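*Asks:* enclosed are the sequence and the experimentally obtained structure.
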Amino acid sequence: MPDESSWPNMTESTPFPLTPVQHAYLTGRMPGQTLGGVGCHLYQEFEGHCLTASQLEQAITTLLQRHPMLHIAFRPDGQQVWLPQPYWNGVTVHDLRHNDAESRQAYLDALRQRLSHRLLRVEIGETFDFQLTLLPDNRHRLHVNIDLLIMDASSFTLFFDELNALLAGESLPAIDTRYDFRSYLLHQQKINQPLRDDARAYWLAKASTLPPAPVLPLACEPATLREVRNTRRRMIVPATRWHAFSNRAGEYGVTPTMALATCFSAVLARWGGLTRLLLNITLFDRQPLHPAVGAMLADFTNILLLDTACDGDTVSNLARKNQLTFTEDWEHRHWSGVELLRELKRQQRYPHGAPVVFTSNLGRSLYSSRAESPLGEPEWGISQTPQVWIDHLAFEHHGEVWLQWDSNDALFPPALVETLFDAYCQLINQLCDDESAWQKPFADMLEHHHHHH
């Protein structure tokens, strides 16, 4: 066997392992991680009018008869398999419209227990769950349940765009469907051959600079907890207060969306005594390496580890440090932040091994509660996954911000979180209305209470 240059991925139709996102690979290959909600199962249930049951079911058959990028299924061998073949629909219709109000309560309760115990066909690879609820007064609810790699922020934006076109009967400009995950991994493992030198070096630079992963009190050991409860709190705070701090941040010379979310998320986790702490922000970076990738959403969701320098100080030091280090991480968009954390778990300096994962997306559709849903109004779901231990999603509707924070009820006492939220609530009010809070230490806001001053 002669010494030669390592080839690109010729596994174009052959089942290939998952992406270098070790978080997603850990979740899929090792299911039943309890603290992380047992698995990465989320439900998207859109209340509204899209189309009829037989039209929806036939639409699935037609799309699966084609080969869209997100036709991927997770096989428990640790390989993801993309089939050009339409597997099956599995669309079960719920009669609430024809039936009584009892039938409503019967189905919603039954599908809740069912969802939590649903034995997916992940056993062989190809799994999906479609629950199509027919509501009274011509209304519908498309309740889709999935735990596997076929769902993602990138895959969801891709799906809904092609979906609402198909629901309207609109023929869109035909996208180059000849690109799957194998096309991405083809180029990325090819350039990994030299570039992994840099990828390891600069991620290791941060993997030396960041301390033990956030020590937050767990009521008991996750080893003994099999059964967890997902407690997600929703909050719609006045558009003026939020966007006043967003305007105050943009005015100060830092990112509006990032500033709001990082203030809540950093202070919450910092209470464990972590002056230095790696926060996980969901960034959107779509590499247009090939022309077709520049149109289809495969690469897009790239997560980032921004280590805070301190908390309890003036906004000047806090905001400038996070903004500076984010510019260094904007050079580290070449790969995922997972490699940094993968180097941390190699150093074995992880008491918990998971950071706090947040996204702040304002400037959505001022009609729908979520912009990524045009056909129906989706209810707030579950984001407690083996990779995400504390969830902070931010949404927008009518200019007003819909906060969504999912957390393990069995470990996190509400009072603890609401003491640190009390800090954030007084902080955003004081700082958005008054520049006085700029020259005040943030320590006064979280560590000091009883009105504090």
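*Replies:* Done, it's in. Residues are numbered from 1 along each chain as shown.
*Asks:* contacting residues around the residue nearest to residue 360 when sequence neighbours are not counted?
*Replies:* Distances taken as CB to CB, 6 or more residues apart in numbering place residue 261 nearest to residue 360, at 3.6 Å, with adjacent residues excluded. For every residue, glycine as well, the C-beta is placed using N, CA and C. Residue 261 makes contact with 281, 358-360, 392, 394, according to CB atoms under 8 Å, 6 or more residues apart in numbering.
*Asks:* how near is residue 261 to residue 231?
*Replies:* Going from residue 261 to residue 231 by CB to CB, to the nearest Å gives 20 Å.
*Asks:* run through who's touching stretch 422-438.
*Replies:* 241-242, 244-245, 247-248, 260, 263-264, 267-268, 314-316, 440, 442, 445-446, 449, 452.
*Asks:* can you list the buried residues in it?
*Replies:* For stretch 422-438, burial by neighbour count (16 or more other CB atoms under 10 Å) applies to 423-428, 430-432, 437.
*Asks:* on that earlier part again, can I take it that the residue nearest to residue 360 is in a helix?
*Replies:* Yes: counting by DSSP: H, G, I helix; E, B strand; the rest coil, residue 261 is part of a helix.
*Asks:* now the nearest residue to residue 189 once chain neighbours are set aside: how far from residue 17?
*Replies:* Counting by CB to CB, 6+ apart, residue 9 is the residue found nearest to residue 189 once chain neighbours are left out, at 6.2 Å. For residue 9, the distance to residue 17 (CB to CB) stands at 10 Å.
*Asks:* who has more neighbours, those two?
*Replies:* More neighbours surround residue 9 than the other of residue 9 and residue 17, with 17 against 14 (other CB atoms under 10 Å).
*Asks:* next, that one: secondary structure please.
*Replies:* Residue 9 - assigned by three-state DSSP - is coil.
*Asks:* OK, contacts around it?
*Replies:* Going by CB under 8 Å, 6+ apart, residue 9 touches 16, 182, 185-186, 189-190.
*Asks:* residue 203 too?
*Replies:* Residue 203 touches 332, 335, 339-340, 343, counting by CB under 8 Å, 6+ apart.
*Asks:* now, which of the residues you listed sits nearest residue 119?
*Replies:* Within these, the smallest distance to residue 119 is 33.7 Å, found for residue 339 (CB to CB).
*Asks:* and that closest one, that one's in a helix?
*Replies:* Yes: using three-state DSSP, the assignment for residue 339 is a helix.
*Asks:* does it really touch residue 198, like I thought?
*Replies:* No: using CB atoms under 8 Å, residue 339 is not in contact with residue 198; the gap is 11.1 Å.
*Asks:* and those two? Which one has more around it.
*Replies:* residue 339 (23 against 11).
*Asks:* backbone torsions only: list them for the nearest residue in space to that one that is not next to it in sequence.
*Replies:* Closest residue to residue 339 apart from its sequence neighbours, by CB to CB, 6+ apart: residue 203 at 4.8 Å. Phi and psi for residue 203, reported as degrees, to the nearest 10, are phi -70, psi -30.
*Asks:* with the one 3 residues further on instead?
*Replies:* The phi and psi torsions at residue 206 (degrees, to the nearest 10) take the values phi -70, psi -40.
*Asks:* could you do the one 10 residues further on as well?
*Replies:* The phi and psi torsions at residue 216 (degrees, to the nearest 10) take the values phi -110, psi 140.
*Asks:* how many neighbours does it have?
*Replies:* Applying other CB under 10 Å, we find 20 residues neighbouring residue 216.
*Asks:* distance of the closest residue in space to it that isn't next to it in sequence relative to residue 250?
*Replies:* Nearest residue to residue 216, sequence neighbours excluded (CB to CB, 6+ apart): residue 272, at 4.8 Å. Noted for residue 272: a distance of 30 Å to residue 250, by CB to CB.
*Asks:* same question for residue 304.
*Replies:* Applying CB to CB, the value for residue 304 to residue 250 is 20 Å.
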